[PDB]
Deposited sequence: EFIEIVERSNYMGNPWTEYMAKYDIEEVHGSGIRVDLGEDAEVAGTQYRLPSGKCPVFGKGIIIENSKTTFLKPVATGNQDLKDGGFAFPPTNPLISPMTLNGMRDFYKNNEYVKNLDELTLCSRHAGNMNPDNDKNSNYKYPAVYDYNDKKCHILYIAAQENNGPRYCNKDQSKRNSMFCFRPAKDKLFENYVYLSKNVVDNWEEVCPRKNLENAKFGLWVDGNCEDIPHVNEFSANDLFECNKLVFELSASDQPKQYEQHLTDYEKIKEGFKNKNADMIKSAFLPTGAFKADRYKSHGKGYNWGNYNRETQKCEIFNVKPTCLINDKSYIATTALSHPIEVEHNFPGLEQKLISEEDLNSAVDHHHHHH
C-alpha cells in the first residue's frame, strides 16, 4: 500500500540517510580494503566529513596530530600524522594547498574539506603499484591546516614502555571541536548532501499516512547539554572496528533527539524521514558538529 507516499520531507531528509550518503563507519571508519604489494589493508571510506572527531591516545587529547615517531624516537613520542618531508606535504594550510594546486582547475577551487581529502589522497606509496591506498586526514578549522594521517587506525583498547603500541579511542571532545575527520572518499558536495548543523526546535520523526510520527523506540541517555548528547550519539554510532564482516556500511545508532528541558538524549538506529517542530528539541547526528545550530525550521 501507499502509507509512505506524498512525503514533502524526502529531498530535505536525504542527508540524514547515513547508510546512503556516508555509507561507512562513523566512530570507526574502515569501510574499504586496499591491496598494497600483496598485503590487504583497511582504510576509511565514508563519503561525509565527521565534525568534531579526534583520537584520544592514553588520556592525551593534545597528541594525535603530532607527527608519527621516526628514526631514534620511541613510538609513544609521536602521534598519528604524516612526518616532515622535503618538500613539506603535511601539515599544509588551506592557502598553501590552493597555491600548490593553482595549475589544476579540478582541485584548486574545491572546498577546504574536500581539498584536504584530495591532498591527503595525492601521495601514493611507491610499493602500491595500482594506487589503491589513500590516506585519511584531519582538517583543523582553528588554523586552517590539513593534517595527513599516516595512521588510519582509530581504536586500540594488543596495547600497553615507550616503544610498545599505545592504546587509543575515537571521541568528540571540547579539544576536538574544530577538527574534521576526513576519509579519502569525502564528496565534493558534502555541504548539500551531508549533515553539519544541529536542528533547533526540531525532532526527528517517521512519515506515516500524511503525518510526521515519533520514532517508536528510543534509547534514553541523560545529557547535560547538546554537546554531551552529540558525544553519546558518536560513541554509539556506526563502527567498523573488529568485534572479534567488520563493515557497518553506515548502520548504527547515528541519530539523537535531544530534549534540552528534560536533558535526555533519545538515541535511535533507524533513519528519520521527517521533522516535528518542537521547541524542547534539538536534532543531532553522530556526523554533526557538537555545537552549531540552524535556528530556522525546517
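Several segments of the deposited sequence have no coordinates for C-alpha: 1-7, 165-167, 171-174, 259-294, 349-371, numbered from the first residue.
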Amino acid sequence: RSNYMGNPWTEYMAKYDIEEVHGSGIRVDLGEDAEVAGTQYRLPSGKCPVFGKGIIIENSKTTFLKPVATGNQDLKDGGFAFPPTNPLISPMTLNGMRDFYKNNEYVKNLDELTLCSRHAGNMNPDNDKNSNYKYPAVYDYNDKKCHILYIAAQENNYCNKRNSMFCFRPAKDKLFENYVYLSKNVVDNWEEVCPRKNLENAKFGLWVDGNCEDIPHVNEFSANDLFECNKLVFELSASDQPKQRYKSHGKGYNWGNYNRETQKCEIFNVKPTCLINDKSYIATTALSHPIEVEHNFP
From here on, numbers count along this sequence of modelled residues.
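Stretches 91-99 and 121-129 differ in mean CA B factor, with 121-129 having the higher one.
Comparing the deposited coordinates for 235-243 and 37-45, the stretch with the larger average C-alpha B-factor is 37-45. Out of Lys144, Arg196, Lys161, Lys108, it is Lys161 whose C-alpha atom has the highest B-factor in the PDB entry. Each of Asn156, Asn185, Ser222, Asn189 has a CA temperature factor in the record; the biggest one is found at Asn156. In the deposited entry, the Cα temperature factor of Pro84 places it in the highest third of its chain's modelled residues. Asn201 sits in the middle third of its chain by CA B factor, as recorded in the PDB entry. Annotation for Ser248: C-alpha temperature factor in the middle third relative to the rest of the modelled chain, per the entry. Placement of the Cα temperature factor of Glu112 within the chain: middle third of the modelled residues, per the deposited record. In this PDB entry, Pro216 carries a Cα temperature factor that places it within the lowest third of its chain's modelled residues.
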